[PDB]
Amino acid sequence: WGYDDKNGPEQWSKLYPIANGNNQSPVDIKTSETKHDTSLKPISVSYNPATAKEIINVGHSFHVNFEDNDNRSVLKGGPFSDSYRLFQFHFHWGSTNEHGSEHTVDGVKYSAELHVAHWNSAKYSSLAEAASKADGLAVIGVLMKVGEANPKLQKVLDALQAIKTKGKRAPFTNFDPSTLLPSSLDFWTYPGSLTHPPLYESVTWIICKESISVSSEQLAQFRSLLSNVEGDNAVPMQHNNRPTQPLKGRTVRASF
Ligand SMILES: [O][B]1([O])O[C][C]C2=[C][C]=[C][C]=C21
Ligand SMILES: [Zn+2]
């Protein structure tokens with residue numbers, strides 16, 4: 001699977017029939033159809049920078065992984081009763097500034113999207129166990145709006161020159177990804193899925209209403225990563241965003 005014409009999102013259903021499921025992500029959030037929910041607690045993140053571990057080129061994207069052996073780095077509150085343990089963050093982007101987010105709001109496409117992913121350590125013993133369970137994953141989505149350079153991205157962008165090609169990985173330490181989140185953690189929540197294969201319907205989404213900034217030149221650093229292995233023809237990672245999927249009668253709830 002990938003994002004090219006032949007192996008891309010429009011084709012994922014052939015190998016992953018859940019692609020056409022009832023809880024697929026991302027979605028367009030229509031703000032006139034959201035239900036303000038009075039029971040939603042504020043989101044609480046508490047991350048320890050010593051849990052940052054490694055940055056990895058996974059061919060279609062790059063991942064920043066965290067040590068997840070204990071509750072040093074956790075998400076609580078919002079719609080959750082359970083503590084969720086941080087394990088990774090990553091981005092999605094598009095081939096130009098005009099699109100690149102996965103979620104949209106009232107049909108508006110942003111330039112990129114940050115995913116901060118967690119797994120339910122109250123109910124499950126591992127990411128591998130949690131990843132296929134309806135209540136297994138909690139993911140914060142942040143819409144990234146092209147504008148002023150974002151200095152909070154600096155450690156992440158500076159690291160990419162060490163993982164330029166598929167499979168390269170490097171240590172990535174002493175980093176608290178709560179620094180990437182917007183000042184307001186006002187949010188939308190809905191039940192959905194992973195946004196690429198295996199597309200499990202295991203994610204409770206927390207979509208921030210406030211965007212964060214990113215420059216044109218910072219988005220170019222993402223698109224200059226290479227999907228090929230070292231020594232092959234260079235193939236830039238131009239895009240990795242999935243189109244929005246049908247709500248199929250899900251309710252998007254608003255904290256605000
Ligand atoms: O974009 B993704 O496929 O769906 C959101 C959750 C997640 C978490 C870790 C890696 C990938 C993904
Ligand atoms: Zn993602």
# chains A, B, ... in the order shown; residues from 1 in each chain; ligands from 1
call {"tool": "residues_near_ligand", "arguments": {"ligand": "ligand 1", "cutoff": "6 Å", "atoms": "only C-alpha atoms and all ligand atoms", "output": "list in words"}}
result
residues 117, 194, 195 and 196 of chain A
call {"tool": "select_by_dssp", "arguments": {"residues": "region 78-156 of chain A", "states": "alpha helix (DSSP H)", "output": "PyMOL selection string"}}
result
chain A and resi 127-130+154-156
call {"tool": "residues_near_ligand", "arguments": {"ligand": "ligand 2", "cutoff": "8 Å", "atoms": "only C-alpha atoms and all ligand atoms", "output": "list in words"}}
result
residues 89, 90, 91, 92, 113, 114, 115, 194, 195 and 196 of chain A
call {"tool": "write_last_selection", "arguments": {"atoms": "N, CA and C atoms", "output": "PDB file, in the first residue's frame"}}
result
ATOM      1  N   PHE A  89       4.503  10.366  17.659  1.00  0.00           N
ATOM      2  CA  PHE A  89       3.830  11.410  16.853  1.00  0.00           C
ATOM      3  C   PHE A  89       4.394  11.357  15.445  1.00  0.00           C
ATOM      4  N   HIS A  90       3.608  11.902  14.511  1.00  0.00           N
ATOM      5  CA  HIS A  90       3.993  12.004  13.093  1.00  0.00           C
ATOM      6  C   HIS A  90       3.104  13.039  12.423  1.00  0.00           C
ATOM      7  N   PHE A  91       3.384  13.303  11.162  1.00  0.00           N
ATOM      8  CA  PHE A  91       2.661  14.327  10.399  1.00  0.00           C
ATOM      9  C   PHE A  91       2.097  13.679   9.159  1.00  0.00           C
ATOM     10  N   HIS A  92       1.151  14.391   8.589  1.00  0.00           N
ATOM     11  CA  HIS A  92       0.722  14.163   7.201  1.00  0.00           C
ATOM     12  C   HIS A  92       0.834  15.506   6.482  1.00  0.00           C
ATOM     13  N   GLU A 113      -0.960  18.094   9.078  1.00  0.00           N
ATOM     14  CA  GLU A 113      -1.695  17.636  10.265  1.00  0.00           C
ATOM     15  C   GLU A 113      -0.727  16.827  11.112  1.00  0.00           C
ATOM     16  N   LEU A 114      -0.733  17.143  12.393  1.00  0.00           N
ATOM     17  CA  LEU A 114       0.075  16.454  13.414  1.00  0.00           C
ATOM     18  C   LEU A 114      -0.816  15.445  14.096  1.00  0.00           C
ATOM     19  N   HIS A 115      -0.349  14.213  14.223  1.00  0.00           N
ATOM     20  CA  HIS A 115      -1.011  13.102  14.983  1.00  0.00           C
ATOM     21  C   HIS A 115      -0.137  12.763  16.183  1.00  0.00           C
ATOM     22  N   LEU A 194      -7.528   4.369  12.351  1.00  0.00           N
ATOM     23  CA  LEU A 194      -6.231   4.710  11.738  1.00  0.00           C
ATOM     24  C   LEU A 194      -6.475   5.253  10.330  1.00  0.00           C
ATOM     25  N   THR A 195      -5.614   6.133   9.856  1.00  0.00           N
ATOM     26  CA  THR A 195      -5.857   6.818   8.566  1.00  0.00           C
ATOM     27  C   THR A 195      -5.072   6.192   7.435  1.00  0.00           C
ATOM     28  N   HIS A 196      -4.333   5.117   7.687  1.00  0.00           N
ATOM     29  CA  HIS A 196      -3.687   4.299   6.656  1.00  0.00           C
ATOM     30  C   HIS A 196      -3.738   2.851   7.129  1.00  0.00           C
TER      31      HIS A 196
END
call {"tool": "closest_atom_pairs", "arguments": {"of": "region 43-96 of chain A", "to": "region 227-243 of chain A", "cutoff": "10 Å", "atoms": "only C-alpha atoms", "output": "JSON lines"}}
result
{"residue": "A:57", "atom": "CA", "partner": "A:227", "partner_atom": "CA", "distance": 8.0}
{"residue": "A:58", "atom": "CA", "partner": "A:227", "partner_atom": "CA", "distance": 7.8}
{"residue": "A:59", "atom": "CA", "partner": "A:227", "partner_atom": "CA", "distance": 4.3}
{"residue": "A:60", "atom": "CA", "partner": "A:227", "partner_atom": "CA", "distance": 6.0}
{"residue": "A:61", "atom": "CA", "partner": "A:240", "partner_atom": "CA", "distance": 7.0}
{"residue": "A:62", "atom": "CA", "partner": "A:227", "partner_atom": "CA", "distance": 9.9}
{"residue": "A:91", "atom": "CA", "partner": "A:240", "partner_atom": "CA", "distance": 8.7}
{"residue": "A:92", "atom": "CA", "partner": "A:241", "partner_atom": "CA", "distance": 5.5}
{"residue": "A:93", "atom": "CA", "partner": "A:239", "partner_atom": "CA", "distance": 5.4}
{"residue": "A:94", "atom": "CA", "partner": "A:239", "partner_atom": "CA", "distance": 4.3}
{"residue": "A:95", "atom": "CA", "partner": "A:238", "partner_atom": "CA", "distance": 4.8}
{"residue": "A:96", "atom": "CA", "partner": "A:238", "partner_atom": "CA", "distance": 8.3}
call {"tool": "residues_around", "arguments": {"residues": "residue 127 (chain A)", "least_positions_apart": "2", "cutoff": "9 Å", "atoms": "only C-alpha atoms", "output": "PyMOL selection string"}}
result
chain A and resi 68+87+118-121+124-125+129-131+136-137
call {"tool": "closest_residue", "arguments": {"among": "A:36, A:168, A:72, A:63", "to": "residue 49 (chain A)", "atoms": "only C-alpha atoms"}}
result
A:72
call {"tool": "residues_around", "arguments": {"residues": "region 18-24 of chain A", "least_positions_apart": "5", "cutoff": "6 Å", "atoms": "only C-alpha atoms", "output": "PyMOL selection string"}}
result
chain A and resi 13+192-193+201+248
call {"tool": "select_by_dssp", "arguments": {"residues": "region 103-233 of chain A", "states": "strand (DSSP E or B)", "output": "ChimeraX atom specification"}}
result
/A:104-105,108,112-120,137-146,169-171,187-192,203-208,212-214,226
call {"tool": "write_last_selection", "arguments": {"atoms": "N, CA and C atoms", "output": "short mmCIF file (atom, residue, chain, number, x, y, z; two decimals), in the first residue's frame"}}
result
data_model
loop_
_atom_site.label_atom_id
_atom_site.label_comp_id
_atom_site.auth_asym_id
_atom_site.auth_seq_id
_atom_site.Cartn_x
_atom_site.Cartn_y
_atom_site.Cartn_z
N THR A 104 -10.65 17.89 7.76
CA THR A 104 -11.05 19.21 7.25
C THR A 104 -12.11 19.76 8.18
N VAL A 105 -12.25 21.09 8.18
CA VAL A 105 -13.29 21.74 9.03
C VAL A 105 -14.14 22.62 8.10
N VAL A 108 -12.73 23.07 4.69
CA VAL A 108 -11.43 23.77 4.56
C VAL A 108 -10.30 22.76 4.80
N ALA A 112 -1.06 20.73 6.54
CA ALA A 112 -0.51 19.49 7.12
C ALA A 112 -1.29 19.19 8.40
N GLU A 113 -0.96 18.09 9.08
CA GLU A 113 -1.70 17.64 10.27
C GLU A 113 -0.73 16.83 11.11
N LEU A 114 -0.73 17.14 12.39
CA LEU A 114 0.07 16.45 13.41
C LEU A 114 -0.82 15.44 14.10
N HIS A 115 -0.35 14.21 14.22
CA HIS A 115 -1.01 13.10 14.98
C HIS A 115 -0.14 12.76 16.18
N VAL A 116 -0.72 12.85 17.36
CA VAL A 116 -0.02 12.44 18.63
C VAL A 116 -0.83 11.23 19.12
N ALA A 117 -0.25 10.05 19.12
CA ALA A 117 -0.96 8.77 19.30
C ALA A 117 -0.60 8.16 20.66
N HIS A 118 -1.62 7.57 21.26
CA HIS A 118 -1.55 6.99 22.62
C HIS A 118 -2.31 5.67 22.62
N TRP A 119 -2.02 4.79 23.57
CA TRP A 119 -2.73 3.49 23.66
C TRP A 119 -3.20 3.27 25.10
N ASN A 120 -4.30 2.55 25.22
CA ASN A 120 -5.04 2.41 26.50
C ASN A 120 -4.33 1.41 27.41
N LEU A 137 -6.94 3.08 21.13
CA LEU A 137 -6.07 4.22 20.77
C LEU A 137 -6.77 5.56 20.95
N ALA A 138 -5.98 6.54 21.36
CA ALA A 138 -6.45 7.94 21.47
C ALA A 138 -5.44 8.78 20.68
N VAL A 139 -5.93 9.58 19.75
CA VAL A 139 -5.01 10.34 18.88
C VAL A 139 -5.45 11.80 18.84
N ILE A 140 -4.54 12.69 19.16
CA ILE A 140 -4.75 14.15 19.05
C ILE A 140 -4.36 14.51 17.63
N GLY A 141 -5.29 15.15 16.90
CA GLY A 141 -5.01 15.74 15.58
C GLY A 141 -4.93 17.24 15.71
N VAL A 142 -3.89 17.82 15.14
CA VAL A 142 -3.71 19.30 15.12
C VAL A 142 -3.59 19.70 13.65
N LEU A 143 -4.46 20.61 13.21
CA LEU A 143 -4.43 21.16 11.84
C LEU A 143 -3.31 22.18 11.75
N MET A 144 -2.51 22.10 10.69
CA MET A 144 -1.33 22.97 10.51
C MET A 144 -1.57 23.91 9.33
N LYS A 145 -1.61 25.20 9.64
CA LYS A 145 -2.01 26.24 8.67
C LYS A 145 -0.77 26.96 8.17
N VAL A 146 -0.59 27.00 6.88
CA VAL A 146 0.65 27.56 6.31
C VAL A 146 0.67 29.05 6.63
N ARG A 169 17.05 5.31 10.70
CA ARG A 169 16.52 5.61 12.03
C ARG A 169 17.65 6.20 12.84
N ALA A 170 17.32 7.09 13.75
CA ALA A 170 18.33 7.73 14.60
C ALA A 170 17.74 7.96 15.96
N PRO A 171 18.59 8.09 17.00
CA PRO A 171 18.11 8.50 18.30
C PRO A 171 17.47 9.89 18.23
N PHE A 187 -11.58 21.14 21.72
CA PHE A 187 -11.52 20.03 20.76
C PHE A 187 -12.88 19.53 20.29
N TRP A 188 -12.83 18.78 19.20
CA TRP A 188 -13.89 17.89 18.70
C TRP A 188 -13.45 16.46 18.98
N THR A 189 -14.39 15.58 19.24
CA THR A 189 -14.09 14.14 19.39
C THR A 189 -15.11 13.35 18.60
N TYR A 190 -14.66 12.28 17.98
CA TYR A 190 -15.53 11.31 17.29
C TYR A 190 -14.80 9.97 17.27
N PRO A 191 -15.54 8.85 17.22
CA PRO A 191 -14.96 7.51 17.07
C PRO A 191 -14.60 7.21 15.62
N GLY A 192 -13.34 6.85 15.37
CA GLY A 192 -12.90 6.52 14.03
C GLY A 192 -11.73 5.57 14.00
N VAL A 203 -9.65 4.11 17.04
CA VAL A 203 -9.18 5.46 17.46
C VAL A 203 -10.34 6.34 17.96
N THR A 204 -10.19 6.87 19.13
CA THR A 204 -10.96 8.03 19.61
C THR A 204 -10.14 9.27 19.24
N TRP A 205 -10.68 10.08 18.34
CA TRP A 205 -10.00 11.27 17.79
C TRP A 205 -10.28 12.45 18.68
N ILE A 206 -9.26 13.23 18.94
CA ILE A 206 -9.31 14.52 19.64
C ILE A 206 -8.77 15.54 18.65
N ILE A 207 -9.65 16.27 17.96
CA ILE A 207 -9.22 17.25 16.92
C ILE A 207 -9.24 18.64 17.56
N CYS A 208 -8.10 19.28 17.61
CA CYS A 208 -7.99 20.63 18.21
C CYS A 208 -8.68 21.68 17.35
N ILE A 212 -2.07 25.15 14.46
CA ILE A 212 -0.69 25.63 14.69
C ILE A 212 -0.12 26.05 13.34
N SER A 213 0.93 26.85 13.37
CA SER A 213 1.52 27.37 12.11
C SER A 213 2.58 26.41 11.57
N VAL A 214 2.89 26.59 10.30
CA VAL A 214 4.02 25.92 9.63
C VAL A 214 4.35 26.81 8.44
N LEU A 226 12.91 11.14 1.47
CA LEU A 226 12.87 10.21 0.32
C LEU A 226 12.24 8.89 0.70
#
call {"tool": "residues_around", "arguments": {"residues": "residue 71 (chain A)", "least_positions_apart": "5", "cutoff": "12 Å", "atoms": "only C-alpha atoms", "output": "VMD selection string"}}
result
chain A and resid 45 to 48 51 66 76 82 to 87 118 to 122
call {"tool": "write_last_selection", "arguments": {"atoms": "N, CA, C and O atoms", "output": "CSV table (one decimal), in the first residue's frame"}}
result
chain,number,residue,atom,x,y,z
A,45,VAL,N,-2.6,16.6,29.1
A,45,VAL,CA,-1.4,15.8,28.7
A,45,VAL,C,-0.3,16.1,29.7
A,45,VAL,O,-0.1,17.3,30.1
A,46,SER,N,0.4,15.1,30.0
A,46,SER,CA,1.6,15.2,30.8
A,46,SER,C,2.7,14.2,30.3
A,46,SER,O,2.6,13.0,30.5
A,47,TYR,N,3.6,14.8,29.5
A,47,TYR,CA,4.7,14.0,28.8
A,47,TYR,C,6.0,14.3,29.5
A,47,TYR,O,6.4,15.4,29.6
A,48,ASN,N,6.8,13.2,29.6
A,48,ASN,CA,8.2,13.3,30.1
A,48,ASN,C,9.1,13.3,28.9
A,48,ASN,O,9.1,12.4,28.1
A,51,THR,N,11.1,10.2,27.7
A,51,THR,CA,10.5,9.1,26.9
A,51,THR,C,10.8,9.2,25.4
A,51,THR,O,10.5,8.2,24.8
A,66,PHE,N,8.3,6.9,21.1
A,66,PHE,CA,8.5,7.1,22.6
A,66,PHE,C,8.5,5.8,23.3
A,66,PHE,O,7.8,4.9,22.9
A,76,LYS,N,-5.1,12.1,29.5
A,76,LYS,CA,-6.3,11.8,30.3
A,76,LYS,C,-7.3,12.9,30.0
A,76,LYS,O,-7.0,14.0,29.3
A,82,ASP,N,-10.1,6.2,31.0
A,82,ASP,CA,-8.8,5.5,31.1
A,82,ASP,C,-7.7,6.5,30.8
A,82,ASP,O,-7.9,7.5,30.1
A,83,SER,N,-6.5,6.2,31.4
A,83,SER,CA,-5.2,6.9,31.1
A,83,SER,C,-4.7,6.3,29.8
A,83,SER,O,-4.7,5.1,29.6
A,84,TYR,N,-4.2,7.1,28.8
A,84,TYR,CA,-3.6,6.6,27.5
A,84,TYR,C,-2.2,7.0,27.4
A,84,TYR,O,-1.8,8.1,27.8
A,85,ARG,N,-1.3,6.0,27.0
A,85,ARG,CA,0.1,6.2,27.1
A,85,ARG,C,0.7,6.7,25.8
A,85,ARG,O,0.4,6.0,24.8
A,86,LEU,N,1.4,7.8,25.7
A,86,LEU,CA,2.0,8.3,24.5
A,86,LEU,C,2.9,7.2,23.8
A,86,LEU,O,3.7,6.6,24.6
A,87,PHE,N,2.8,7.0,22.5
A,87,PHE,CA,3.8,6.1,21.9
A,87,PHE,C,4.5,6.7,20.7
A,87,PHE,O,5.6,6.3,20.3
A,118,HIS,N,-1.6,7.6,21.3
A,118,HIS,CA,-1.5,7.0,22.6
A,118,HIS,C,-2.3,5.7,22.6
A,118,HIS,O,-3.2,5.5,21.8
A,119,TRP,N,-2.0,4.8,23.6
A,119,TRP,CA,-2.7,3.5,23.7
A,119,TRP,C,-3.2,3.3,25.1
A,119,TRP,O,-2.6,3.8,26.1
A,120,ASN,N,-4.3,2.5,25.2
A,120,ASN,CA,-5.0,2.4,26.5
A,120,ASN,C,-4.3,1.4,27.4
A,120,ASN,O,-4.5,0.2,27.2
A,121,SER,N,-3.6,1.9,28.4
A,121,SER,CA,-2.7,1.1,29.2
A,121,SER,C,-3.5,0.7,30.5
A,121,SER,O,-2.9,-0.1,31.3
A,122,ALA,N,-4.7,1.3,30.7
A,122,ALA,CA,-5.6,0.9,31.8
A,122,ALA,C,-6.2,-0.5,31.4
A,122,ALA,O,-6.3,-1.3,32.3
call {"tool": "residues_around", "arguments": {"residues": "residue 15 (chain A)", "least_positions_apart": "2", "cutoff": "12 Å", "atoms": "only C-alpha atoms", "output": "ChimeraX atom specification"}}
result
/A:1-2,7-13,17-20,196-199
